[PDB]
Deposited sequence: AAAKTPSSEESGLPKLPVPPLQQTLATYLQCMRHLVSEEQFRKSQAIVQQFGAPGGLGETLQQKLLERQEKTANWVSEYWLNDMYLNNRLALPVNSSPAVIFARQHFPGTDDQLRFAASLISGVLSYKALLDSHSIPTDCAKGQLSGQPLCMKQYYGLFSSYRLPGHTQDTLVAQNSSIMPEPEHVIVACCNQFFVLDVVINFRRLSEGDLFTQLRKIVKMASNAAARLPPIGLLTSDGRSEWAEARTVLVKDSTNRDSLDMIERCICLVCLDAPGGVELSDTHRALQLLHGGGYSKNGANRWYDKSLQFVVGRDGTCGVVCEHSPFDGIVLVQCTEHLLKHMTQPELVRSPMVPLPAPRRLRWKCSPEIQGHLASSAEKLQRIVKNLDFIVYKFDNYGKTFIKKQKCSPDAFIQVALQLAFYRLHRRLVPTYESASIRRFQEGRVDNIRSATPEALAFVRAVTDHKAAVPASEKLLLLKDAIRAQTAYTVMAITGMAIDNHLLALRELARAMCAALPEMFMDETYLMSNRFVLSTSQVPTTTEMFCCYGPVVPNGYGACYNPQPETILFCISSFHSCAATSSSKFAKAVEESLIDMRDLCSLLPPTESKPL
């Protein structure tokens, strides 16, 4: 009735989590460090010890909350992160290339897309989204209600995720306009929206009314933007304008032509960071959860602030919008009252964003030799096969495995977001060593046994994670319950093995789509990669990111290593 009928997130047994943790990490640390971690974990998990006390506190939390990890996970994964949102945090979804002969063709697309957003939001708010089922077991639908009603406020040390006549904000030439999408309570038609967008484009070209590019401030580090926003709110005009953005449905960004070839890689860059201030980088407001981009040259997609929802729900929404597209007072410019103080903040923010633009090493690589159909003919799940290929790619290029992240949905449970699948398994290590160590001369028949055992272990970890039995959320909650007892964390969580374990040098996810769109994001540590893939029946799309500052990583070398690994795995499956 009022209460969810879904199960609550399970609390795994303490000794199960501690044993999985040590087994996860043994091959990723030195023998001496492992020996010390074994003793730390034994003391933490001893009968009558601290771990048992924290586990009892966690079972009490599970009883008193809908979801015992929600608050800790939201803060740990998103709100505590100080990095600027572009590239480091906010993923982008790139739509098919569009062809816009005239400005009017760009605006008709934007009007059609806005109409689709209004229609989808009406379905959402009437609770008419058919409940998703696993692969079926019903799934939590609460992420859908965060697509349009969320705003991420910056804080000095921790951000705040806020839930809220309806309006969109249109960004054009770094200027922001309120576009009301109802008049006389009747939703604006696609034709009315077109008429309004034309007025906006005319107003935005006016030099005598041009305001400073305040959106650039949202692209900065979170504490930097917290400081600049605090300067802004000293003025009531700015407060009014910030309130309008905080309460909009979404942004629609009418970007300027990019001036570069519209390859998939280049369209993805424009969606990730707008190409910086000199291009479209200030035509943005990164705190708002959805920024649809409809560029004059046909580059279209959506930039996502992903603190309120994960990738499956986002793609369900965007696929619905795109498929739906197949079937009067003037807008109000938001005013700003700036100072030389704010001008200094703008210059700083432009410089910092340019460092992100220049630092990103990004490639879209389409593997075209095979995809899901071939993989399923090997009695393998496509996801597990591709995760083992990524381990082999990393090992053959960098000669070690590293802590690897892969999102696993826990939407089977109330308020469920994700837990981590740790794909750098002991079985993956045995396989990649056998493949790469030519001196060992392991027979191909044995390499194939090791391959299938690595895929089996990957599949098992995935089942463990999606059923709430993996370890990362459990350890996070024990850690934060310990911090509530005493600000000095116990040795368990100060141990260098634990800190290492959560620096995801390879950060991955599978985002399958049914249309030509694709998803991408940056790495999460300076010496890391981001790898987001889209498996299709006969192809697999890989979006690979890394940072040019890190001499070890290279996105083009990693994409080549992925190709070589998929070909090696094909050859082993063809003996």
Inset, instruction - Just jot down which stretches of the deposited chain sequence have no CA coordinates, in the order they come. - result: 1-7, 143-146, 176-182, 346-355, 604-612
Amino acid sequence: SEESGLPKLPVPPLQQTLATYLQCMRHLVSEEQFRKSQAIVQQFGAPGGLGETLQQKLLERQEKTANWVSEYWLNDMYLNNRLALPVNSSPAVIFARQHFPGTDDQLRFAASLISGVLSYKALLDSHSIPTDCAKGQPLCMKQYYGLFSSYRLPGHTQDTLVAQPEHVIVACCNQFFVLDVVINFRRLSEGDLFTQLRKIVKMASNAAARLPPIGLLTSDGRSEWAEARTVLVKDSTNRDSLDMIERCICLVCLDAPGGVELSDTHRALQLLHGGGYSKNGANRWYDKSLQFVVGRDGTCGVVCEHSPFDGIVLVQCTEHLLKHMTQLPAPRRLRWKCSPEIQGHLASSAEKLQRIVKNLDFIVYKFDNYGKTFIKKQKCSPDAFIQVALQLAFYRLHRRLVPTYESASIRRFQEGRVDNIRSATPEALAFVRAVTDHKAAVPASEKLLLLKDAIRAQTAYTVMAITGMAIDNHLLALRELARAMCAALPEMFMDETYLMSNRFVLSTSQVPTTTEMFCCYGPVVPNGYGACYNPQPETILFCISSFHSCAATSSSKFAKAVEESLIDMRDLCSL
From here on, numbers count along this sequence of modelled residues.
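So that the term is clear: the rigid core is the largest set of C-alpha atoms that superpose within 1.5 Å between two forms.
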Inset, instruction - Quick one: core-superposed, which stretch strays further from the shown model in 6 other deposited structures of this protein, 177-185 or 87-95? Go by RMS C-alpha distance. - result: 177-185
Legend entry - Flanks modelled, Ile375 absent in at least a third of other entries: no
Inset, instruction - Determine if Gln164 is unmodelled in a third or more of the other PDB entries compared for this protein. - result: yes
Inset, instruction - Would you tell me which stretch averages the higher CA B-factor in the PDB entry, 34-42 or 537-545? - result: 34-42
Legend entry - Between the two ranges 453-461 and 198-206, the one averaging a larger CA B factor in the entry: 198-206
Legend entry - Candidate set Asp76, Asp125, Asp310, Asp368 [ranked by C-alpha B-factor, highest]: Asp125
Inset, instruction - Among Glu427, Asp287, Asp159, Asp105, single out the one with the highest C-alpha B factor in the record, please. - result: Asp105
Inset, instruction - Could you look up the Cα B-factor of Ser236 in the entry and say which third of the chain it sits in: lowest, middle or highest? - result: highest
Inset, instruction - Determine, from the deposited record, the chain-internal third of the Cα B-factor for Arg479: lowest, middle or highest. - result: lowest
Legend entry - Chain thirds of CA B-factor: placement of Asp255: middle
Inset, instruction - Please place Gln510 in the lowest, middle or highest third of its chain by C-alpha B factor as given in the entry. - result: lowest
Inset, instruction - Give the position of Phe109 by CA B-factor within its chain, expressed as the lowest, middle or highest third. - result: highest
